[PDB]
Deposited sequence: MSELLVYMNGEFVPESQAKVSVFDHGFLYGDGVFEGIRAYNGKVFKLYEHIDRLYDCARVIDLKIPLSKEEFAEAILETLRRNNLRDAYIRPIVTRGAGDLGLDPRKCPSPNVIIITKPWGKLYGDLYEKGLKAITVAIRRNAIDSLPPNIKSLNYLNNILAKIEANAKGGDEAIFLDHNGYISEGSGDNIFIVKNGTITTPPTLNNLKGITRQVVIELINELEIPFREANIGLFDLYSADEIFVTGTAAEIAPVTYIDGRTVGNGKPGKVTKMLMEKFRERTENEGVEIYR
């Protein structure tokens, strides 16, 4: 049985439980990460940690471990589970307090680390818009994911593998759990991150694009751009690079993964084979 890190103890999965009084559970008042181990090494471990700490700062939550201790803890929980290929979900919550909202009454944050062993998508645009930048900033990878879940429920009902959000301005934002890229006449465009999330996989992809010297723009786009694109793909830690071959039932290109997307998938695979922090 896999062990979960809970505040420094390793607890079997079936017994890994949090107080119902934890503000993480009552109010989604916490932050989280998603990280992959490939063949014994943790891909972009430090970058993910840095984002976690930034998100914690945004919600005014003090993580009770230094960054190095957090990295050790992630590594120790993979070893304890004897994992080499894994998805890792670190979570930091506000902890318990009074029953109300007030985070000043919550003296002890809680730290959890879950480790689990490890043709394109039909995407649909959803009616629901992404969380606004001045209500629930979407750059926060928080435990408030019901915006994302409502979009997923739409896609499930409407013939889609993946939901695509616009923002309130009508700009394309992202998928429900992944950043979005388009290819047109050989130029790649992706939205600026402000209205979506500063994806680590997106950042790797951009480095690859610039190394391949493929023309690239970070620019807001709309429905006209999605429906006229030669290729679409989405990016994220779990999905990696995933081709999107239909959009609202419309065929993208010939309906199979495009040339630029398949090229980047191969380069991305190479980076995951060659980089990372050693677990053992």
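Ranges lacking C-alpha coordinates, please, mapped onto the deposited sequence and listed in sequence order. Missing C-alpha atoms (numbering from 1) occur across the ranges 1 to 2, 121 to 129, 292.
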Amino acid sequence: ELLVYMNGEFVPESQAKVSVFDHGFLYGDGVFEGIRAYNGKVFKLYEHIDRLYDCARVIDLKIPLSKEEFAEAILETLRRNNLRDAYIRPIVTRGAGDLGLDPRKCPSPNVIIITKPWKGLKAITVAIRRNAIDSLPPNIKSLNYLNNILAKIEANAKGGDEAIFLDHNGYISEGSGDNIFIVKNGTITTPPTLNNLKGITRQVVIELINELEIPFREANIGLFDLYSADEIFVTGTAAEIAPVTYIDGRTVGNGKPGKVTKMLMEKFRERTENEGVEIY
From here on, numbers count along this sequence of modelled residues.
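Quick one: say whether 73 to 81 or 173 to 181 has the higher mean Cα B-factor in the deposited entry. Result of the comparison: 73 to 81.
Mean C-alpha B-factor comparison - 83 to 91 and 185 to 193, higher one: Stretch with the greater average CA B-factor: 83 to 91.
Whose CA atom has the top B-factor in the entry, of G222, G30, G236, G255? Highest CA B-factor of the listed options: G255.
Between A37, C55, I49, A229, which one tops the list for C-alpha B-factor in the PDB entry? Highest CA B-factor of the listed options: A37.
Among the modelled residues of this chain, does the Cα B factor of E162 put it in the lowest, middle or highest third? Its C-alpha B-factor, which the entry lists for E162, ranks in the middle third among residues of this chain.
Looking at the C-alpha B-factor of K267, is it in the lowest, middle or highest third of its chain? As the PDB entry reports it, the C-alpha B-factor of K267 lands in the middle third of its chain.
Lowest, middle or highest third - CA B-factor, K141: Its C-alpha B-factor belongs to the lowest third of this chain's values.
Using the B-factors in the PDB entry, rank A132's C-alpha atom against the chain and give the third, lowest, middle or highest. Lowest third - that is where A132 ends up once the chain's C-alpha B-factors are sorted.
Determine, from the deposited record, the chain-internal third of the Cα B-factor for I63: lowest, middle or highest. According to the entry, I63 has a C-alpha B-factor in the chain's middle third.
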